[PDB]
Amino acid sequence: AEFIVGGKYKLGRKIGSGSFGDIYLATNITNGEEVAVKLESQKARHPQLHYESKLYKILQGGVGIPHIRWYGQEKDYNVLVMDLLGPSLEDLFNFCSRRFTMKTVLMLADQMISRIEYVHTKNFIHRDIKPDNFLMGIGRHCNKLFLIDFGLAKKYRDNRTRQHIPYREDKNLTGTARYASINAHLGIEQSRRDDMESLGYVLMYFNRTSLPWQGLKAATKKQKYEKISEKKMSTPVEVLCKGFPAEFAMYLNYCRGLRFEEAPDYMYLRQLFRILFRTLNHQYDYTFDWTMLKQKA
């Protein structure tokens, strides 16, 4: 057919766009398995796909890390082939009319903290934690959450010594402004704490349906980012999390309190949400809000 990569993956329709390229559905012509294919044009001032493919290789063996099938060059493109995955948390949020129950938020939180933790144990930070980068799997993996898109990810410490990258300022906000940590807005070098703060804004985005720094306008990119920053800094966490269980405010205070080099206590943060979950008499049965709507049909 018209477009086949690595001698066997026939590219079908476009399924979306990522950080540095476009994503297609494909089929392995030798066994019939459906996969996802990421194409980056080889004519790029600064090509990164080789870099992202190296990160995925480093991360193999993690729960909710997609397996890589092939990396290479085809026609005028760099090509990466991987597991096909299901919808993002943003897709599912819209499917549920931009409302999630507490049970769903807490079940997701347990997996999200763990996905981020794994990336950190391999000495990387993600730097673009948002609903669009968390995907549910498919088939028997449909209740497994995957964290993807390592285009903006960065080594935060040395493997041998565990010395961090240098503490410094005057960094561009590289990720998404809505979920960015306060220190990232100020141009401070991101570390593990910033991924965790970002997850806190995602959880509160799901709980509230919106964040108070949404809908802001300004003359420039930089001034919109500066308005978002100022709103984040002038909104107390108790106000942001008013009318929700105290655990969400505790999460956010804990993450802001972390020092640049300090290891988040992931076990404690998972425990914080799990004790709440079980106090509300919920069980981890993977009956999410979208599961309810599908089986009713």
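One rule holds for the numbers: they count along the sequence shown, beginning at 1.
Average Cα temperature factor in the PDB entry - higher stretch of 285 to 293, 272 to 280: Between 272 to 280 and 285 to 293, it is 285 to 293.
Mean CA temperature factor from the deposited coordinates, higher in 39 to 47 or in 60 to 68? On average, C-alpha B-factors are higher across 39 to 47.
Between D91, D149, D76, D110, let me know which has the highest C-alpha B-factor in the entry? So the option with the highest C-alpha B-factor is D76.
Between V105, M136, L84, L173, let me know which has the highest C-alpha B-factor in the entry? In this record, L173 carries the highest C-alpha B-factor of the candidates.
Grab the CA temperature factor for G243 from the record and place it in the lowest, middle or highest third of its chain. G243: CA B-factor falls in the highest third of its chain.
Could you place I125 in the lowest, middle or highest third of its chain by Cα temperature factor, using the values in the record? Lowest third, going by the recorded CA B-factors of the chain.
Please rank the C-alpha B-factors of the chain's modelled residues and tell me whether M204 sits in the lowest, middle or highest third. Its C-alpha B-factor, which the entry lists for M204, ranks in the middle third among residues of this chain.
Using the B-factor values recorded in the entry, state whether the Cα atom of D158 falls in the lowest, middle or highest third among the modelled residues of its chain. For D158, whose C-alpha B-factor we compare with every modelled residue in the chain, the answer is the highest third.
Ordered by C-alpha B-factor within the chain, which third holds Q214? Give me lowest, middle or highest, please. Highest third - that is where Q214 ends up once the chain's C-alpha B-factors are sorted.
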